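Each remark here refers to the structure printed beneath this line.
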Amino acid sequence: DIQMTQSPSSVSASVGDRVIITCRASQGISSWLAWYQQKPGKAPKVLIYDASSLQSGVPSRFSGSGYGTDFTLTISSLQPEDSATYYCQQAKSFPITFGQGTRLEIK
Amino acid sequence: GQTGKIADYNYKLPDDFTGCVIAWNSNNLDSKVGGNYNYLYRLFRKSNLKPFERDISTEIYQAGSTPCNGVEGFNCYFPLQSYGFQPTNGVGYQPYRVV
Amino acid sequence: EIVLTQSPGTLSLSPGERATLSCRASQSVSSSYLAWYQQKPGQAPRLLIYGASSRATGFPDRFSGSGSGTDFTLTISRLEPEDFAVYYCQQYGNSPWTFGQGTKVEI
Amino acid sequence: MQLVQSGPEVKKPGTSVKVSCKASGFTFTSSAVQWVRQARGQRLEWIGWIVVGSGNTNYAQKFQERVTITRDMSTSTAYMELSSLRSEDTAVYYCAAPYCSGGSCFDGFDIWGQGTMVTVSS
Amino acid sequence: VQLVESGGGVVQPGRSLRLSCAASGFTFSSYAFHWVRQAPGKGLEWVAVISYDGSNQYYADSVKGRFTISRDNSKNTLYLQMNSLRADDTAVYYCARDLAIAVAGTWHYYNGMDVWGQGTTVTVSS
């Protein structure tokens, strides 16, 4: 089984604050990852596909980059609408196991 | 040289080539289930290629006298094809890295 | 995409015909991507003209025609009596590569 | 120059249909494969186009489902199988491939098959 | 596109459930589907997958052997069979679609999630 950890746990940042979310996988899952933004009461929406590309319709502020063990989701500007959680997804082989999730707060 | 897609449309081994070649199975370590995005065929060449040269230029293959201007359809077939492999094939279908 | 409805119907004249056939198109199709297959009763179809700009290597002579995208004309100058069969228009370039309706002839 | 088609087959109404086409006399590696639909007192309908070198095919308004191709690159062949047969599936499929050798060739379809006679019955 | 789910229950102690999710606005036969659950306040989990042709179905370690999935292209709708229900099976199940990425004319599946439905919250009690 593949176990992945998402860091940090919960931090606060608003307006012009840059945030970094790290995704560490037990195995080397190459460029096979998707970053989602799930609202506290809404279904998750995909923001990053192929772990490096940006899904059409997603604002350009969110960026993704990484490979193998480590992946990074970077947001330069946190406008007061991204108050949600962020999840990874590993799909190298069955079964699918998800991480804890990271929450952002407003300063 | 031999025959096949290798050394005809893929990288061509020169005549009187000197040097070693090492091949090894790549079941894991960037070879997962389904068709990976990269690792695609290099086919449909009007020439037989030359030793030591690398073909990076990609273009729509010509299957008729009249060449198209950027529209895909009759003739104008794609010179590339992804490898539909998986780590659950037999012995003759597993990915193999050659250096 | 398919509104062809070729103008000629059934032609019944003795050898020495000077009539012409026409293939209609819904929209202007770029040249060098047209065909007029020559289907035969109980036999596999052949091909005579491709792209309405040239001829194949070896095939019966004494007929050659071309036209515009909206109306592709073709003329026959005393073709041999055995070549009295069905003609099928065909357009290339844009999928699907639909054929023509077809035309009937009589001696 | 010689293209051959398998013999006519009698099957069950709704299982599958698969017709074998073989070619000889020209290079099969760099060519194209297409399929036809013809019937007595009926017009011609182009089914789809198959590229043996690179897997690529498109279907008309009728063949999106229940149809899939198989490379069969060995012995210079290529197959297509149809599922969910209907009553009006009695037609001659035929098969053709352009005469290509060198990299560039003719545009039209010159070498044609003889077709089959599949009557969808009991 | 519009994904709609149904099959909720006030209490299903060791009973049989037949959840149904329908796909409209996009081709139901050209895509595979997933059943992705979510605990009442916890993260996201996946329990069942169905292939494009229905041949391949895979489940979780604690889900395989007791739950079932199925699909039907006539109604463009797919079903989930829920049996051997415990008291810890309360979750919020969603019916979602894969991503099919076209590279060199080849479609790659099982890469991510694109469209999510409203979902149905299925709970159990004593």
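Protein chains in written order, with PDB author numbering: chain E, 1 to 107; chain A, 413 to 511; chain L, 1 to 27, 27A, 28 to 106; chain H, 2 to 52, 52A, 53 to 82, 82A to 82C, 83 to 100, 100A to 100F, 101 to 113; chain D, 2 to 127. C-beta atoms are modelled at their ideal positions from N, C-alpha and C, and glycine is treated no differently.
Would you list the one or two residues that DSSP bridges to residue i?
{"i": "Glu6/D", "result": "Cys22/D"}
{"i": "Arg24/L", "result": "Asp70/L"}
{"i": "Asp73/D", "result": "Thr78/D"}
{"i": "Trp108/D", "result": "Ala103/D"}
{"i": "residue 114/H", "result": "No information on residue 114/H is available, as it lies outside the stretch 2 to 113 that chain H covers here."}
{"i": "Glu46/D", "result": "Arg38/D"}
{"i": "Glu81/E", "result": "Paired residues: none, contrary to the question."}
By the DSSP assignment, the beta strand (DSSP E) with residue i in it spans what residues?
{"i": "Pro499/A", "result": "Per DSSP, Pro499/A belongs to no beta strand (DSSP E) and is neither H nor E."}
{"i": "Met4/E", "result": "4-7"}
{"i": "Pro44/L", "result": "42-49"}
{"i": "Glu46/H", "result": "46-51"}
{"i": "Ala25/E", "result": "19-25"}
{"i": "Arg38/H", "result": "34-38"}
{"i": "residue 108/E", "result": "Chain E is shown only over 1 to 107; residue 108/E falls outside these bounds and no answer can be derived."}
{"i": "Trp117/D", "result": "114-117"}
{"i": "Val37/D", "result": "34-39"}
{"i": "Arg509/A", "result": "508-510"}
{"i": "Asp72/H", "result": "Here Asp72/H belongs to no beta strand (DSSP E), and DSSP marks it neither H nor E."}
{"i": "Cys88/L", "result": "85-90"}
{"i": "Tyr36/L", "result": "33-39"}
{"i": "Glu105/L", "result": "103-105"}
{"i": "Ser10/E", "result": "10-12"}
{"i": "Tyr60/D", "result": "58-60"}
{"i": "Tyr67/E", "result": "62-67"}
{"i": "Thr72/E", "result": "70-75"}
Determine, using beta carbons only, whether residue i comes closer than 8 Å to chain L.
{"i": "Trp36/H", "result": "no"}
{"i": "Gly485/A", "result": "yes"}
{"i": "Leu82/H", "result": "no"}
{"i": "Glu46/H", "result": "yes"}
{"i": "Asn56/H", "result": "no"}
Checking contacts by CB at 8 Å: is residue i closer than that to chain E?
{"i": "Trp117/D", "result": "yes"}
{"i": "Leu452/A", "result": "no"}
Say whether chain A places a C-beta atom closer than 8 Å to the C-beta of residue i.
{"i": "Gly26/H", "result": "no"}
{"i": "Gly16/E", "result": "no"}
{"i": "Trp35/L", "result": "no"}
{"i": "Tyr53/D", "result": "no"}
{"i": "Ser30/E", "result": "yes"}
{"i": "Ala33/H", "result": "yes"}
{"i": "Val52/H", "result": "yes"}
{"i": "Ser31/L", "result": "yes"}
{"i": "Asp100D/H", "result": "yes"}
{"i": "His35/D", "result": "no"}
Is residue i close to chain H, meaning its C-beta is less than 8 Å from at least one C-beta of that chain?
{"i": "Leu492/A", "result": "yes"}
{"i": "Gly44/D", "result": "no"}
{"i": "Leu46/L", "result": "yes"}
{"i": "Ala55/L", "result": "yes"}
{"i": "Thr78/D", "result": "no"}
{"i": "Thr415/A", "result": "no"}
What does the alpha-carbon distance come out to for the pair residue i and residue j?
{"i": "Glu10/H", "j": "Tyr79/H", "result": "15 Å"}
{"i": "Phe71/E", "j": "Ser459/A", "result": "43 Å"}
{"i": "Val34/H", "j": "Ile69/H", "result": "11 Å"}
{"i": "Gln27/L", "j": "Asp100D/H", "result": "22 Å"}
{"i": "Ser113/H", "j": "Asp72/H", "result": "30 Å"}
{"i": "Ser67/L", "j": "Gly50/L", "result": "11 Å"}
{"i": "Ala105/D", "j": "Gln493/A", "result": "5 Å"}
{"i": "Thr85/E", "j": "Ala13/E", "result": "13 Å"}
{"i": "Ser76/H", "j": "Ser7/H", "result": "14 Å"}
{"i": "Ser52/L", "j": "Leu78/L", "result": "19 Å"}
{"i": "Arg38/H", "j": "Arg24/L", "result": "22 Å"}
{"i": "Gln105/H", "j": "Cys92/H", "result": "8 Å"}
{"i": "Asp442/A", "j": "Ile29/E", "result": "7 Å"}
{"i": "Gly99/E", "j": "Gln38/E", "result": "13 Å"}
{"i": "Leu45/D", "j": "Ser31/L", "result": "56 Å"}
{"i": "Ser7/D", "j": "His109/D", "result": "29 Å"}
{"i": "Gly55/H", "j": "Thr107/D", "result": "8 Å"}
{"i": "residue 144/E", "j": "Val123/D", "result": "This structure cannot settle anything about residue 144/E, because the visible part of chain E is limited to 1 through 107."}
{"i": "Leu18/D", "j": "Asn57/D", "result": "22 Å"}
{"i": "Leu100/D", "j": "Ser52/E", "result": "15 Å"}
{"i": "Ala97/D", "j": "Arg41/H", "result": "47 Å"}
Does any C-beta atom of chain D lie closer than 8 Å to the C-beta of residue i?
{"i": "residue 170/E", "result": "Since the first residue shown for chain E is 1 and the last is 107, residue 170/E is missing from the structure and cannot be characterised."}
{"i": "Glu65/H", "result": "yes"}
{"i": "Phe71/E", "result": "no"}
{"i": "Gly482/A", "result": "no"}
{"i": "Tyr421/A", "result": "no"}
Residue i versus chain F: which residues are under 8 Å apart at the beta carbon?
{"i": "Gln100/E", "result": "Included in the structure are the protein chains E, A, L, H and D, with no chain F among them."}
Runs of alpha helix (DSSP H) lying entirely within the segment 422-463 of chain A, each at least 4 residues, in chain order = none
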